[PDB]
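Scroll down for the structure; my scribbles are underneath it.
Each chain gets a letter, A, B and so on, in the order its sequence line appears, and its residues count up from 1.
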Amino acid sequence: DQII
Amino acid sequence: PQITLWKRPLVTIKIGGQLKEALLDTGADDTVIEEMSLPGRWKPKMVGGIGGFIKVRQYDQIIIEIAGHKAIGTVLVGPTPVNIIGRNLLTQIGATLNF
Amino acid sequence: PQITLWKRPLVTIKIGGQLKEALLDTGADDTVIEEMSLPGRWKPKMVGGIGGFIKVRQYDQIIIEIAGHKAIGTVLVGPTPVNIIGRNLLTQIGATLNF
Ligand SMILES: [Cl-]
Ligand SMILES: [Cl-]
Ligand SMILES: [Cl-]
Ligand SMILES: [Cl-]
Ligand code: NA
């Protein structure tokens, strides 16, 4: 997962 | 509402009966909140951001209000710089990006 | 367009004569692109988010085309895991969040  | 992006898109959320500030973040798959107490069991997750990966606690089926809109879904708890509302809950409140 | 948030909001950009894919990111103050060359002067910067900080090169007054809309602004170049279009350029193409 990507949190940006 | 229509939220322009000249300032950070910060809104008030309510989780566990408490008000917090959070960022509406279309770049985030998931919702990540600062350390707090949530009910239930949690599962492990790692999530990646611009500086690398962090470990978080995944809590499912959490009741959360976002700018007055009710949602029930997954909340990750861990060391985030800012509370982030990601796409898993932005879709529940019917948010779109428009240009 | 109206972009729903069921999946990552990825668009094609043109920057420095190159086509790239990038994420429309309301949670980012700044625009951060993977390593590439850009013309003119630059200065070093640290930018942070989940996982910590990365060092980047800051180039000002760079023209980009974002899903066919031209904008000018600051672009940060460095080891970001994802190309991100942040608020500094989202405003210029008239992007809003709507719910
Ligand atoms: Cl606004
Ligand atoms: Cl805007
Ligand atoms: Cl170009
Ligand atoms: Cl220089
Ligand atoms: Na320049």
Side-chain angles (χ1 to χ4, degrees), chain A residues 3-4, chain B residues 1-3 5 7-98, chain C residues 2-10 23-30 32 47-54 80-87 90 95-99:
Chain A
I3 318 293
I4 38 253
Chain B
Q2 185 161 82
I3 298 174
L5 295 171
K7 301 181 182 125
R8 292 181 175 157
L10 292 167
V11 301
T12 301
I13 69 170
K14 186 165 59 172
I15 184 169
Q18 26 203 34
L19 301 182
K20 299 171 191 267
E21 176 181 275
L23 185 65
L24 303 180
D25 189 352
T26 60
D29 298 342
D30 310 305
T31 293
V32 191
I33 308 288
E34 69 203 328
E35 177 64 40
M36 71 167 292
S37 169
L38 293 174
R41 292 183 59 87
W42 63 275
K43 291 166 2 153
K45 191 165 174 84
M46 275 190 9
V47 301
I50 207 165
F53 281 87
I54 61 168
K55 295 175 309 206
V56 299
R57 303 200 300 285
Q58 174 175 340
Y59 296 84
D60 292 325
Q61 220 175 314
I62 299 301
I63 302 170
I64 177 175
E65 198 178 82
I66 301 156
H69 296 249
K70 296 194 316 179
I72 309 177
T74 301
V75 174
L76 312 180
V77 177
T80 180
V82 67
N83 296 324
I84 292 157
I85 308 304
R87 294 189 298 97
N88 75 303
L89 300 183
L90 293 169
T91 57
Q92 287 201 22
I93 70 171
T96 57
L97 265 177
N98 294 258
Chain C
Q2 169 169 282
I3 302 161
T4 61
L5 291 169
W6 295 119
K7 28 180 241 277
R8 296 177 182 158
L10 294 172
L23 180 68
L24 301 180
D25 188 353
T26 60
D29 298 339
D30 314 300
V32 193
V47 287
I50 274 184
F53 289 76
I54 61 170
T80 177
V82 180
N83 301 322
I84 59 175
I85 306 306
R87 293 186 301 97
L90 297 169
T96 60
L97 275 168
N98 294 263
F99 57 101

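Shown here for B/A71 and B/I66, the closest heavy-atom pair between the two residues is CB-CD1, 4.2 Å. When all heavy atoms are compared, the tightest approach of B/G49 to C/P81 is O-CG, 3.6 Å. Residues B/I15 and B/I63 share a closest heavy-atom pair of CG1-O, 4.0 Å. Annotation for B/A67 and B/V11: closest pair CB-CB, 4.0 Å, computed over non-hydrogen atoms. Taking each heavy atom of B/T26 and C/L24 in turn, the nearest pair found is OG1-O, 2.7 Å. Nearest heavy-atom pair, C/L97 versus B/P9, reported as atom, atom and distance to 0.1 Å: CD1-CB, 4.2 Å.
Around CD of B/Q61, the count of heavy atoms belonging to other residues, nucleotides or ligands within 6.0 Å does not exceed 12.
Rounding to the nearest 0.5 angstrom, the gap separating the OG1 atom in C/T4 from the CG atom in B/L90 is 11.5 Å. Rounding to the nearest 0.5 Å places CG of C/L5 at 10.5 Å from NZ of C/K7.
Put simply, the side chain of B/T31 does not reach to within 4.5 Å of the side chain of B/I62, judged on heavy atoms. Looking at heavy atoms from C-beta onward, B/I13 lies in side-chain contact with B/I33 at the 4.5 angstrom threshold.
Side chain of B/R87 to main chain of C/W6: a donor-acceptor pair is present (N/O by atom type, distance under 3.5 Å, no hydrogens or angles). Between the side chain of B/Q92 and the main chain of B/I72, a donor-acceptor pair closer than 3.5 Å is present. For the pair B/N88 (side chain) and B/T74 (backbone), a donor-acceptor distance under 3.5 Å is present. With hydrogens and angles disregarded, no donor-acceptor distance shorter than 3.5 Å links the side chain of C/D30 to the backbone of C/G86.
By the 30° and 60° cut-offs, the orientation of the rings of B/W42 relative to B/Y59 is tilted.
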B/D29/C/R8 under side chain to side chain contact (heavy atoms under 4.5 Å, CB included): CA gap, chis, key distance, verdict
CA-CA 7 Å; B/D29 298 342; C/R8 296 177 182 158; 2.8 Å; yes
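A donor-acceptor pair shorter than 3.5 Å cannot be found between the side chains of C/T96 and B/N98.
Residue C/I50 forms a side chain to side chain contact (heavy atoms under 4.5 Å, CB included) with just one option from B/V32, B/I50, B/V56, B/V82, and that option is B/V32.
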